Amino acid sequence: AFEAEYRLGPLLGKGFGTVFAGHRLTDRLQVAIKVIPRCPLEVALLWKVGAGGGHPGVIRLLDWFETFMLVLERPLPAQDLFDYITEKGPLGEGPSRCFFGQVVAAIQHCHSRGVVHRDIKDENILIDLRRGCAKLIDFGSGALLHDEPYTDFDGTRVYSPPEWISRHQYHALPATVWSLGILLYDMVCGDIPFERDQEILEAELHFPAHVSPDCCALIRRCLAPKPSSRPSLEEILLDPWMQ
């Protein structure tokens, strides 16, 4: 059945499992097909967040199969943000604001469906380059959202907050916001702020000279060491740099 409705094209990336470009046979709609080995949570999380729309900041799930294979939308043309930055350098504050804005709303959306992505990072933001639009991908390591802390966590280390590194403490919202701060620093500076555990734990920020102080202040807020010092998502949207 899979091989009846869909044709796998080139490998696009191989942790998540593996993602391919493909087409849906009947109408040659372009899709991405994500293969996983060993029903997975990702399908459920994608369902919850897709259901009735749901959001333009989130890649839609279109179909899934056992043999596990997920059929995802594929904007044409598209590039993840990591590769974009590799090729083009930091986004610069005007387009970061817009993309950062979109990511935050996608995250808010997800939280509204009770889903925490838990792996926000630039490899996981797809830029749909026709519409000028960021989309969240890769829910393979997300969870259902709760007040209660986690240790279910298997994220990307360099986007993980100090209290996870130090205490194995994962609080969904503060850890999300921490990762947003990493991402934003990524976007405007062209690299992550902290490469090693020790750097995360110290959390010391040295901004390149080109980063505006407005952008600095927001990033410092998101990357506060103590998780309760961190803004909520609404505070971030209301930050003066975000206007």
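Numbering starts at 1 and runs along the sequence shown.
In this entry, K226 and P227 are joined directly, with no residue of the deposited sequence lacking coordinates between them.
Coordinates are lacking for 1 to 3 deposited residues between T67 and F68. Across the two stretches, 192-200 and 52-60, the PDB entry reports the greater mean Cα temperature factor for 52-60. Judged by mean Cα B factor in the deposited record, 128-136 ranks above the other of 112-120 and 128-136. Taking the deposited Cα B-factors for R157, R74, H146, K88, the highest one is held by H146. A44: CA B factor in the highest third of modelled residues in this chain (values from the PDB entry). In this PDB entry, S141 carries a Cα temperature factor that places it within the middle third of its chain's modelled residues. In the deposited entry, the Cα temperature factor of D214 sits in the middle third of values across the chain's modelled residues. Compared with the other modelled residues of the chain, the Cα B-factor recorded for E93 ranks in the middle third.
When the modelled residues of the chain are ordered by their C-alpha B factor, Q102 lands in the lowest third.
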